[PDB]
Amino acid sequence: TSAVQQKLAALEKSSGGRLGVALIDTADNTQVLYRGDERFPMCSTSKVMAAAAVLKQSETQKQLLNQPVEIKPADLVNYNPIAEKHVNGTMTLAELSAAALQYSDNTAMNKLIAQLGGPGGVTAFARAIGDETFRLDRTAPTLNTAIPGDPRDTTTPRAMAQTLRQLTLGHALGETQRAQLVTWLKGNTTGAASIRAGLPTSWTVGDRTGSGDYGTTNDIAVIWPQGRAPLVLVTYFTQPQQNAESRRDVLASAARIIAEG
């Protein structure tokens, strides 16, 4: 095991939880993995797959992103910071995708899922781009139960890192779609204390966070250092106590360790 893996193992030991990390350095397509093949609950990081699946649809339905979607009182769930502003009005699928990706809006996630025909349509898009690991089984917010050992709504760090690379830096999407996903991710507002907090602050970052029960605290990021090929970093973390507190600092610390090596 490398020096970076020993430092990640020590961070994990210090934290009392279970840490999964996958880095892809696209300059060499080298990988750094820590529990990279173990399953973790994705929580809201699954929003990237859902938004990208709608973007993939928009390659054929050219005006799909401007299609209005009604926001109704029954659509509201546990956390709806943007959609609650539009109850009994409408939001476009673009406005819903931005709400999901930039504010972690769970109503917006559910509208994306509905546009895809259910959670099976999100998983289908994962399989269509070569991700055999991702599975989405539930809508928001029950996809965040993060129960230890439950295979529902999980992926592995290695698989999520590979998928995030193909969506944002590869060509799993069309050029306008991929650029739109990059813009949305760069504009995320919920990640300041997660991967972003452990990285040199002249690196541009796009990321999507997630949180759930068992103190599950997740972040997935595409990172553009200046003068270097970009990297993809996935950091997943979960804890033994059902009511455990969020630990965004562990994700920052993992990113910092990765950025060193």
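The first residue of the shown sequence is 1; numbering continues from there.
Asks: Mean CA temperature factor from the deposited coordinates, higher in 239 to 247 or in 15 to 23?
Replies: Per the PDB record, 239 to 247.
Asks: Between 74 to 82 and 131 to 139, which has the higher average C-alpha B-factor in the PDB entry?
Replies: If you average the C-alpha B-factors of 74 to 82 and of 131 to 139, the larger mean comes out for 74 to 82.
Asks: For the C-alpha B-factor as written in the entry, point me to the maximum among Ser104, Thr176, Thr156, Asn110.
Replies: Spelled out: the listed residue with the top C-alpha B-factor is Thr176.
Asks: Go through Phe40, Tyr214, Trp224, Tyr34 one by one and give the residue whose Cα B-factor in the PDB entry is largest.
Replies: Of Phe40, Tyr214, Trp224, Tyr34, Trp224 has the highest C-alpha B-factor.
Asks: Against its chain's modelled residues, does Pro200's Cα B factor rank lowest, middle or highest third?
Replies: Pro200: CA B-factor falls in the highest third of its chain.
Asks: Using the temperature factors of the C-alpha atoms in this entry, rank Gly210 within its chain: lowest, middle or highest third.
Replies: Bottom third by C-alpha B-factor.
Asks: Ranking every modelled residue in this chain by its Cα temperature factor as given in the entry, which third contains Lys47?
Replies: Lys47: CA B-factor falls in the lowest third of its chain.
Asks: Ranking the modelled residues of this chain by C-alpha B-factor as given in the entry, is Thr183 in the lowest, middle or highest third?
Replies: Answer is highest: the recorded C-alpha B-factor places it there.
Asks: Taking the entry's C-alpha B-factors for this chain, is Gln57 in the lowest, middle or highest third?
Replies: It belongs to the middle third of the chain when residues are ordered by C-alpha B-factor.
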